[PDB]
Structure formats: C-alpha cells, structure tokens
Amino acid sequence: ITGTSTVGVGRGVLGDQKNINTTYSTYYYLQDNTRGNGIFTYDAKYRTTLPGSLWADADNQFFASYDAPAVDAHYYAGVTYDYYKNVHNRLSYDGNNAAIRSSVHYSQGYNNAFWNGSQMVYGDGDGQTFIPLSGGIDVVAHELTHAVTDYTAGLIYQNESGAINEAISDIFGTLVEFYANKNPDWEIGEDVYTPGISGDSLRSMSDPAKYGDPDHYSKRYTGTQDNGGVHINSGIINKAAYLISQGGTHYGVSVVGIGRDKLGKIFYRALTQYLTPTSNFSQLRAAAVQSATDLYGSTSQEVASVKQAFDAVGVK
C-alpha cells in the first residue's frame, strides 16, 4: 500500500522483542519498504486461501500472541534479504528486488512451512510437533532459498535433483542462521520443533543419521515416498556441505575444513552458474568442484576439500 515508512515493535514466537519495518496509512501494515520492492506479511486467518490480508495493526505494537508469527516471518525475511544482498550481491530471490510475500496462520495446526512458487507460507504447528514455524530463522531462510533456486538452477522437486534442492535450502538456511548469529548451529528447525523435547531438531547437517537420514550415498533412499526422498537424501549433501565447512573424518575419509563463508561462495556459485533442473548428485559434485576452481584455483585447498567431502559421502 501507499504510505509512509514507520518502525514498530513487537515480540516474536520465542518471546524476544524486536523492531520491525512497517508502513502507516490509517493502519500500520507489515510492509517493509527498506528492502528492495518491499517485504509484505499477510494474515491467512487459519484458512488456506492465499495470501490472505496484508497485516494491519492499529498502534504499531505487535505484542499479542496472535502477532508473534507475523513479527518473525516479517523480520526474518528481512534478515534473509540482507544475507543474499550483502554476502552474495543478490537483490531478492529473483535478483531484481522482487517483493517478498509471506502468510502466517495458514490452516489449523499445520505442521509445515513452504514456498509455493509465489510466496512463503507458515503454519502455526499443532503445539506438539511444532510451534509457529516462522520462529525459526533457518526455516524462514530455507523456504526463501527455494525461491532463489526457482529463479536459478530450477532443480526439479523429485529424486536426486529434489534432494539437492532441499539441501541447498538447508545449507543457506543454516548460513543465514550463522549470519544473524543467535544460537547458530548445523541443525534444522531446532527453535520451533517439539517444544516439549529439548536438544532435538528436524534434521542435522553435522550428523544426519541422528534422525535416521543417510550420511552416505550407499544409504540413499530409493523409494517413492517424500517425492523420492527429497528430505531424506538431502542428508547426503548436507553432510558433504558440513564437511566442506567444518572438516572431519567420515567413513575413514578425511576432509580439510575451509569455513562457512567459502562453503557459501562455492554453493552459491554452483547454484547460480552450473546446476540445472535435472542435476543429480554426481553433477552437483562437478558443479561444486568447478565453482571452487573458479573462485580459488584448481590447485587450491578449497578444490581439494570439495573433492574430499564428496568422496566421504560416496558421491563421485
């Protein structure tokens, strides 16, 4: 909407106070004009019609329980925008400052969040498996990264290309979590998953097998569930990315770690310059090797570490 840029204040899903960019015109709206062509957050009102209504508030104060998922979806979209712009010189998900739209309160007790090809959508969770999913910065950044993938590599959401798609979202979700630097880790969803169980998460990149996901190509799922295992076989790529960044010895294969920033550069270049809609794991390995070669040189430690990591997870 047309109005003047304002700064509201509120509380997120985890009870933390933060400032949020709003727009004033009769009401204060969750419309941040400071980033690109805007970040807009909508109320789906427990229904599944999207996007719902642009979030309107009478006083620019967002401390009600009902406001919390909207506060975090809006704020963490801004953090994700900043990561892509500041770290990768990418202006929004399309590279041309497309408006970023998110809807919260989607459906009733909905235990998921997703990018739908046009916008981000967050369930509130059922209070047992999840609390409102926008409370996790890694979740928000994971889902917005699907939009980046849509506009670049276009990895088909099935089988190995789909597992790469998922892993790319887990990788950048985690790198955004480190960028914001609040309790960062290599786990996925830990801030909003199972409020009654401490210390767990939905997936682990450092040890995917902790939650039953494969950490080696020889353990890949080949069935048809989960679009051919896109959230299962992502563990193989998540483990390779973790090893590239942090190093370690995995199934007897040693990997020299090169750090998160270089991991992000290598995988962002692979995603935007080399991967295609049908890329498989072997082609991802070649894309990452070429990306590291472009950035650091063929004789670099970075190239050698990429090769070691894919070796360690059984991807040739």
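Numbering starts at 1 and runs along the sequence shown.
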| property | result |
| --- | --- |
| Stretch exceeding the other in mean C-alpha B-factor - 16 to 24, 294 to 302 | 294 to 302 |
| Greater mean Cα temperature factor according to the PDB record, 194 to 202 or 103 to 111 | 194 to 202 |
| Selection by C-alpha B-factor (highest) of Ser134, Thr145, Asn227, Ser234 | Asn227 |
| Out of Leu284, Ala44, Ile258, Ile39, highest CA B-factor residue | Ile258 |
| Third of the chain, ranked by Cα B-factor, where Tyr29 sits | lowest |
| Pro51 - which third its CA temperature factor falls in, relative to the rest of the chain | middle |
| Where the record places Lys182 (Cα B-factor, split into thirds across the chain) | highest |
| Ranked against its chain, the third holding the CA B-factor of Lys85 | middle |
| Third of the chain, ranked by Cα B-factor, where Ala153 sits | highest |
